[PDB]
Amino acid sequence: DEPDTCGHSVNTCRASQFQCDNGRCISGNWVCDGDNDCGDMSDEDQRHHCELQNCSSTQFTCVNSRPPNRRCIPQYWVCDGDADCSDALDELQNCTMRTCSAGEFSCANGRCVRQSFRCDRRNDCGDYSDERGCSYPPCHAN
Amino acid sequence: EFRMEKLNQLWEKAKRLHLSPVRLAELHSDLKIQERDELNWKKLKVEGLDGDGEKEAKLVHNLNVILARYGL
Ligand SMILES: [Ca+2]
Ligand SMILES: [Ca+2]
Ligand SMILES: [Ca+2]
């Protein structure tokens, strides 16, 4: 199929579909979805497609975000038990729940997280309250 | 790490759930086998060769029961 049924380099992918790697050409919508389709995965980049996204029904968009994080999540994750968006806007919404105890670290915005998620490499609470004021001990030898 | 945008999202969020490793590993094996199923769905969808759309229901219900089965 790939080793010898065709000329390797005699001619390109046909103009019916769009080139994206020398080993792969891509049909249409697939260049914009975030899937590893082009086989170097560079579909949603360069300059051709998807600087932005938009959400359908039963989905919500993390507006305050950049391409490195996320820009659309389903309702299956809004006001759930775990933050999803870049700034964790999904858990605030109109919910704004009360209950939080000494068993979890308390953020400025009101949300709470486990104590282990304080002073680390991750933006856990969205507000970055879990990171502000921390004093990181130095790294290991390795 | 995984091909479809949604499977990577499920994989980070499954790690955010701190699920047991044996349950978490079984998630990928069900999603990675679905990865090969969704590729042939997506080929026959954009090419329109799936005239009856048989490959969509069997991936949608599988994903739904995956979400219910593994505690998501
Ligand atoms: Ca893609
Ligand atoms: Ca959430
Ligand atoms: Ca943190």
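For the protein sequence lines, the chains are A and D, in the order given.
Under the deposited numbering, the first residue of the first sequence is numbered 2896, with each subsequent residue one higher.
Under the deposited numbering, the first residue of the second sequence is numbered 56, with each subsequent residue one higher.
Positions of the beta carbon are idealized from the N, C-alpha and C atoms, including for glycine.
Nearest Cα to A/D2930 within the set D/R124, D/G126, D/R58: D/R58.
Inclusion of A/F3000 and A/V2973 in the CB contact set at 8 Å is not warranted, their separation being larger than that value. Out of A/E2986, A/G2918, A/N2964, the CA that lies nearest to the CA of A/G2902 is found in A/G2918. For the pair of segments examined, the stretch 2967-2984 of chain A was found to touch the stretch 2940-2954 of chain A: the number of CB pairs separated by less than 8 Å reaches three. In the assembly as shown, A/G3021 is a buried residue. Its beta-carbon has 16 or more other beta-carbons within 10 Å.
A/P2969 has A/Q2954 as its beta-bridge partners, per DSSP.
Note that the C-beta distance between D/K87 and D/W96 is not below 8 Å.
At least one heavy atom of ligand 3 falls within 7 Å of the beta-carbon of A/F3012. Counting every other CB atom within 10 Å of its CB across the protein chains shown gives A/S2996 a total below 16, marking it as exposed. Cβ-Cβ separation between D/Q89 and D/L114: approximately 6 Å, consistent with a contact (criterion under 8 Å). Under the three-state reduction of DSSP, A/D2916 is assigned to strand. For A/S3001, DSSP records a beta bridge to A/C3007. The stretch 3002-3015 of chain A makes contact with the stretch 2972-2988 of chain A: 3 or more CB pairs, one atom from each, lie closer than 8 Å. Summarising the contact set, residues whose Cβ lies nearer than 7 Å to any heavy atom of ligand 2 are, in chain order, A/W2972, A/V2973, A/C2974, A/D2975, A/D2977, A/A2978, A/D2979, A/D2985, A/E2986.
Interface with chain A (8 Å Cβ-Cβ cutoff): D/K70 is excluded. Within 7 Å of the C-beta of D/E111 there is not a single heavy atom belonging to ligand 1. The nearest non-hydrogen atom of ligand 1 is 7 Å or more from the C-beta of D/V101. Relative to ligand 1, A/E2939 has its C-beta within less than 7 Å of a heavy atom.
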